[PDB]
Amino acid sequence: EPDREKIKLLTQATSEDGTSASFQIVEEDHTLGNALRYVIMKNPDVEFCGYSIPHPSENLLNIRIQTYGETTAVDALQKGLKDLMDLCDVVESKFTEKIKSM
Amino acid sequence: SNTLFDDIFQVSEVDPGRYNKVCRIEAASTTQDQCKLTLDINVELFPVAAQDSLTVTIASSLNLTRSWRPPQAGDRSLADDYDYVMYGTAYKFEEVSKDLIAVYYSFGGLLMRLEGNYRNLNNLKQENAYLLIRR
Amino acid sequence: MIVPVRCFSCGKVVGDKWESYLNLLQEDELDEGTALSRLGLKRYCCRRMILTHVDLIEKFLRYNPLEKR
Amino acid sequence: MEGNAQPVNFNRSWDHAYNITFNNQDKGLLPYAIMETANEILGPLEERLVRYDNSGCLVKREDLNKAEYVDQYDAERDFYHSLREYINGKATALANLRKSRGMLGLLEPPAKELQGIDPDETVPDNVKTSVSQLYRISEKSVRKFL
Amino acid sequence: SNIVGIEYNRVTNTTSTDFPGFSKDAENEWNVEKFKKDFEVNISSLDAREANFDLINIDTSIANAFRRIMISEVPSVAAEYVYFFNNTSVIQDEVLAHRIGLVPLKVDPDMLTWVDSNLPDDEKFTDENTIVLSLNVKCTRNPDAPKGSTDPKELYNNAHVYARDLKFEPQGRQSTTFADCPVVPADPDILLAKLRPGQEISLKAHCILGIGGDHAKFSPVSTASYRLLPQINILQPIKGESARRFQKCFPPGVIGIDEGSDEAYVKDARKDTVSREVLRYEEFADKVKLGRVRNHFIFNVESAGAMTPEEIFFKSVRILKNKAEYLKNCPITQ
Amino acid sequence: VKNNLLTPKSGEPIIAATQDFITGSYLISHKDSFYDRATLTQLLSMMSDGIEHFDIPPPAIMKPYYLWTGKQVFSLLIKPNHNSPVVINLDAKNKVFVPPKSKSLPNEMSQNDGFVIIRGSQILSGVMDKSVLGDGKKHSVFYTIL
Ligand SMILES: [Zn+2]
């Protein structure tokens, strides 16, 4: 049932303690990479958040998150996704309130 | 304590030629006649005008993973009472004449030539250093 | 040979403005620059769709093979 | 070839050797020490290139540079001579600035007493540190360059 | 600052600078309460085919994500397969099929199911995932025609095959689900083909739903775009005839002249398309400064007629949220 | 391709930066190019496809904001982290070199960043152009690395 092919942790690029990691995401492009970069970069514990599309022919996205020693990169990625969900919920609520107002 | 050099300079000219954010200023030391300074400064962050006095100091550390971590907010450093702090490497000590040497610093591509008697520039040791400038 | 259904650049449907454009130039005697503005074509990418269109369908239909010419 | 019709670029190699062997705790070398290190490295290389005449016997020292005794090893000898001349130029610059700072320029090897050099007549804080700043050629640097 | 400055030769301060690590203060940490307090939406116009609304105090990445999702990720219904019976037109079959696929259809995408591609063609199309449109046009010479007429609409009967000729054929339960909302093209005046006597078109189009990234015919927006709010700062007063010249450097409704002091002032910077004409003249140097607010976006979403633009924007926000949720729920494989 | 980076006509590089790569490198290394940490990190992920590990150096400007110069970006391009063994030192002139005001001043004190100096792996002066990243010159970065 769970999608094991969606997001992968590239072992050849990660760190021993999990502080630095690189994730490969399938069927994604700039429209999520840029938002994840902006949200994760707002985490005080993250010093390196950056995404790349290695080839336009491949629907693929590599995102690298390197942190300090307080939190791992997986926790940073999960927190960034949760904060992106919260941002979308806030935008949705404000938009529907303004549509219902007028 | 960590201050290798400290002197007050008077700016004689500003050359903004072919550039929109970085200006090459030339300054003469008021206290010492021999010391002169040629420095590249981001003019947008630190606006410099002609005939403006400014204090220049060179320090080894601002204290009173391997990637760089910012200092925590609320700590006390030498940068608190300065307006423009730069980080760079000394890569060249040369001689102009007797009793007069020139030191070259590069703060990631922005240059500084500091010329003066080797008695005053005895503390520069060809290493990484902070350049603190105050108006 | 016939007017495109959609503007190439943005995607606005300009295929339904051709007959109205021809009517505006023929009947109302408006200039070409005002007829385009009257049809809602503000972006220049849509304006060049029916300002540069060569209607070759009428010339090709002169040689119909299923009816004497 | 990495130079202007030369097998090696001397300036870039010297800068590379100085940078990759940089150490602020390493004591600098006097010019005669630099020349001695260069001679120790380059001696057996040009001493194995013995010059033979056309007959097949050794050539006397008084006529080593004659035209009729030119061999196929003259390029290597010229390269070694140029390398020694470059190292001697660096040592000469160091000796000249040592002379300019009111010190003894030991371009030539000193006498046999070897009781120490510049112990007290040279001011420690003022003029040792200056010549240490402007030129500090270590044994590791010259060995790596060679 | 948050003002993208506009100069005569370059554009300055274009990158967002709200994150810890930009300064020693370590501020602008992500707080959902601060974002909820600061974010604003202002609707300026809401028609059936066009919406104009300002998003205030939001980052550029999220607005660009909304734009990209509206363009290429919001599904809509367009013709995908065309089956031809006796296409006698001078227009080729491929061209006619492409034109029919390019028309917009007024179908709510929520009423259709995605088509499973790996299924065989015998059972790929069901009544829940396919809309069948029938076209049948024959052109005959008009007997009761004017003697000296040259118009093709009077010499012939069906010389123009339009988009409104695409009749809707219900299949199965679509006879009940599509009872109150029949399938019609959003632009019935689209000129699909031209005919002459003896020529005939007869075809059946199977229409499915897809995303705009696969093909541009599935994009539900004519254009979805944003522009930053312009900002004109008059640093020193501009008086007299020069003020009139200062009025001619901008669109007419942008900058006006006060009756009392006879000095120019900005009246409506929204109308100011940035043509930067005022920076050409040396007299207005060190008197006017132009910029754009970096966190003030003016979305102008024009729909293709399938559904309302506000629904498109809401679906884009929902799609971004669902992407984030799906990535959050997925396990990470080594 | 890796073993044929130099033409045998003169030994100069032939596989190097071309048009639209020299211009982008010049605009990155231009003196008024200052990047914050977000832009720096994005650029570093852009050159490595989100694979390589990058050790962020301390910024060139610290008090008003934290800004990195594009020369530091190219220093990271040459040497990403401490595990990388690439340490190259070179001094070279650009295509357009305007000499400094006084002849006693060295070449790095020139206008328009004419002289490029790389020590360790850090770029201390100059802009990257066809003379430093392109073909036809024996003082280029890629030639030194090779
Ligand atoms: Zn258009």
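Every chain is numbered from 1 and lettered A, B, ... according to where its sequence line falls, protein lines coming before strand lines. No hydrogens, no waters, no symmetry mates; every other heavy atom, side chains included, goes into these values.
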Practice problem: Return the option, out of F/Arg119, F/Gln111, F/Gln72, F/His82, with the maximum number of heavy-atom pairs under 4.5 Å with chain B. | Solution: F/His82
Practice problem: Name all pairs fulfilling the ring pair (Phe, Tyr, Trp, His ring centres under 6.0 Å) condition that reach into residues 29-73 of chain B, sequence neighbours left out, sorted by first residue then second. | Solution: B/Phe46-B/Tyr84, B/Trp68-F/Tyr66
Self-check item: Side chain proximity check, B/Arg18 to F/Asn112, heavy atoms < 4.5 angstrom
Solution: no
Exercise. Using non-hydrogen atoms and a 4.5 Å limit, figure out which bit of B/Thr65 sits close to chain F: side chain, backbone, both or neither.
Key: neither
Quiz item: In terms of heavy-atom proximity below 4.5 Å to chain B, should F/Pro58 be classed as side chain, backbone, both, or neither?
Solution: both
Quiz item: Quick check: does any side chain N or O of B/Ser67 sit under 3.5 Å from a backbone N or O of F/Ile56, one acting as donor and the other as acceptor?
Solution: no
Quiz item: To the nearest 0.5 Å, how far apart are OH in F/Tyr65 and CD in B/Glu44?
Solution: 9.5 Å
Exercise. Among F/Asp55, F/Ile117, F/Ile61, single out the residue with the greatest number of heavy-atom pairs under 4.5 Å to chain B.
Key: F/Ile61
Quiz item: Do F/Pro106 and B/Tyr104 have side chains that get closer than 4.5 Å, going by heavy atoms?
Solution: yes
Quiz item: Tell me, do F/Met62 and B/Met86 make a side-chain contact under 4.5 Å, heavy atoms counted?
Solution: no
Quiz item: In Å, rounded to the nearest 0.5 Å, how long is the span from CD of F/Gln122 to OG1 of B/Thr89?
Solution: 7.5 Å
Exercise. Answer yes when B/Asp83 and F/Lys63 have at least one side-chain N-carboxylate O distance shorter than 4.0 Å, and no when they do not.
Key: no
Self-check item: Engaged part of F/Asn81 at the chain B interface, taking heavy atoms whose separation is under 4.5 Å
Solution: neither
Practice problem: Tabulate, in ascending numerical order, the residues of residues 24-37 of chain B having at least one heavy atom closer than 4.5 Å to a heavy atom of chain F, or enter 'none'. | Solution: B/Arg24
Quiz item: Looking at side-chain heavy atoms only, is the closest gap between B/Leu111 and F/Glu108 below 4.5 Å?
Solution: yes
Quiz item: Side chains of F/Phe34 and B/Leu110: does their closest heavy-atom pair fall under 4.5 Å?
Solution: yes
Quiz item: Quick one: are F/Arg37 and B/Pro70 in side-chain contact, heavy atoms under 4.5 Å?
Solution: yes
Quiz item: Out of curiosity, F/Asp32 CG to B/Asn42 CG, how far, rounded to the nearest 0.5 Å?
Solution: 8.5 Å
Practice problem: Among the options B/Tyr91, B/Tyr130, B/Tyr105, B/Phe107, pick out the one with the most heavy-atom pairs lying under 4.5 Å from chain F. | Solution: B/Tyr91
Practice problem: Sort out for me which of F/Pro59, F/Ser125, F/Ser104, F/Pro64 touches chain B most, counting heavy-atom pairs under 4.5 Å. | Solution: F/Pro59
Quiz item: In terms of heavy-atom proximity below 4.5 Å to chain F, should B/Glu94 be classed as side chain, backbone, both, or neither?
Solution: side chain
Quiz item: If you round to the nearest 0.5 Å, how far is CG of B/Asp15 from NZ of F/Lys101?
Solution: 6.5 Å
